[PDB]
Amino acid sequence: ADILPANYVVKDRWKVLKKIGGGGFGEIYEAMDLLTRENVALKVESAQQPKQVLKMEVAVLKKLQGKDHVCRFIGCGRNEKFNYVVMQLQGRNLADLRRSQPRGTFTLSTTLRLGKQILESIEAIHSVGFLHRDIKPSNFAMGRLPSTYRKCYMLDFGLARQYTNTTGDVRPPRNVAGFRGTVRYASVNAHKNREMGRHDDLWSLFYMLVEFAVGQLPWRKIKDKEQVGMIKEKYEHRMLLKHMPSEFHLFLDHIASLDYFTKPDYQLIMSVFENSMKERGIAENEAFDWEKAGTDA
Ligand SMILES: CC(C)(O)C#Cc1ccc2[nH]cc(-c3ccnc(N)n3)c2c1
């Protein structure tokens, strides 16, 4: 069934406690690090599996080491049965935290402050020549330590693609590129099976923040890829912002203006979040909604 059993020790060092995630791609375990005495995340991929994707995931994670909002890399390896990566263990993902909120909504305070962090992570992965291509709330996790629990960390590079060649140029888009990310947060371009660009990661961010602040997207009950693309294509997006800060029109109009070839104005989007906080007197060091101060006073 699973690749690693319960109590399996990888490289004499990382001992499986339980499976915390998995699909077609590979599986993710919580492990005890026998050297450091710390719990770690262990992600594994079958050595035979026809698509060898973990190799690319580790390469991305390694390039990003030293950026904020990135899991600390601990180790990786390869044998006859599986490839694996060991990374610092984070806490709960934003989909789990949003569904724990009484109405499935975050405050503007939580929404805007998570937005700044996710924006920073998107620019970071773009800055080392990669698209995420599956930006969604379950791919961000809060830290679990006193130094990290107010930090949001980007996970799961399993659908990432290098958008540059080996010498830093933007590579030519394929005329058709089959979109295989999550329906709910996919850009209209993704829905049309266009080559995805940096802008398409920022669309996914746009839709996440609306959904955080409002509790839902208009197409939430529709799972069909094609039906959802047809709804988004027609949807008057300025209407998503009816109950959002007016600065979010600057965000919408910007990413609407972008194409596959054009570098986003990340600072423009950051200033939207920053101006939206400043207008409502929102301080950076406020409790997140899920904290004792956040779930109380
Ligand atoms: C960055 C990389 C190597 O591509 C990755 C991943 C990934 C995918 C799916 C996952 N599901 C849950 C986690 C997870 C949970 C807690 N703490 C950490 N570091 N992860 C998780 C991590």
Side-chain angles (χ1 to χ4, degrees), residues 2-4 10-11 13-33 36 38-47 49 51-78 82-100 114 117-118 120-163 180-182 185 201 204 208 290:
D2 301 351
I3 287 157
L4 310 187
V10 182
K11 213 188 56 175
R13 168 166 176 194
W14 298 284
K15 178 163 132 307
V16 170
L17 307 168
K18 41 172 204 188
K19 185 174 123 220
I20 60 175
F25 52 76
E27 296 144 350
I28 311 96
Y29 300 92
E30 185 174 342
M32 176 55 73
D33 195 328
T36 67
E38 287 169 18
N39 308 77
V40 301
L42 173 79
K43 182 165 203 277
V44 299
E45 159 196 87
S46 170
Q49 173 158 290
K51 281 167 203 198
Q52 295 284 292
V53 174
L54 196 60
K55 189 191 141 121
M56 172 274 278
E57 286 181 67
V58 173
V60 178
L61 188 61
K62 274 183 158 132
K63 280 165 197 276
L64 283 178
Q65 290 307 288
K67 311 268 191 184
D68 214 341
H69 308 308
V70 172
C71 292
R72 189 175 41 88
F73 164 87
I74 301 176
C76 64
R78 295 177 300 194
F82 64 96
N83 322 302
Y84 71 87
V85 59
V86 197
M87 57 197 142
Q88 186 192 15
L89 184 70
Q90 309 294 351
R92 301 180 49 192
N93 74 55
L94 304 184
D96 174 25
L97 287 158
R98 190 180 68 77
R99 278 180 315 246
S100 280
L114 287 175
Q117 286 202 52
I118 297 163
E120 280 173 35
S121 71
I122 292 164
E123 187 170 9
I125 188 172
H126 294 172
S127 82
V128 303
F130 280 82
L131 308 178
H132 193 284
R133 292 204 299 174
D134 204 12
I135 295 301
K136 60 178 179 184
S138 57
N139 279 342
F140 295 86
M142 303 306 302
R144 58 191 280 279
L145 302 183
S147 45
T148 69
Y149 78 102
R150 301 172 56 72
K151 281 165 202 162
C152 191
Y153 295 87
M154 182 187 265
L155 297 180
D156 201 349
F157 302 151
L159 296 175
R161 180 188 169 78
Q162 190 170 337
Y163 68 84
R180 47 184 192 161
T182 311
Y185 312 99
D201 284 341
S204 298
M208 291 184 48
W290 52 78

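We count residues from 1, following the sequence as given. Just so it is clear, the values below take in all heavy atoms, side chains as well, and ignore hydrogens, waters and symmetry mates. Atoms within a ligand are numbered from 1 in the order they appear, just like the ligands themselves.
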Ligand-protein N/O pairs under 3.5 Å (ligand 1):
residue	atom	partner	partner atom	Å
ligand 1	4 (O)	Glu57	OE1	2.8
ligand 1	4 (O)	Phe157	N	3.0
ligand 1	17 (N)	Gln90	N	3.0
ligand 1	19 (N)	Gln88	O	3.1

Return the minimal non-hydrogen interatomic distance between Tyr163 and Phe130, and the atom names on each side. CE2-N, 3.5 Å
Using every non-hydrogen atom in the two residues, find where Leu61 and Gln65 come nearest and quote the distance to one decimal. O-NE2, 2.9 Å
How about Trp14 and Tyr84: do any of their side-chain heavy atoms sit closer than 4.5 Å? yes
Are side-chain heavy atoms of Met154 and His69 found at a separation under 4.5 Å? no
Is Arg92 atom CZ crowded by more than 12 heavy atoms from other residues, nucleotides or ligands, each under 6.0 Å away? yes
For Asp68 against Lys151, the heavy-atom pair lying closest together: OD1-CD, 3.7 Å
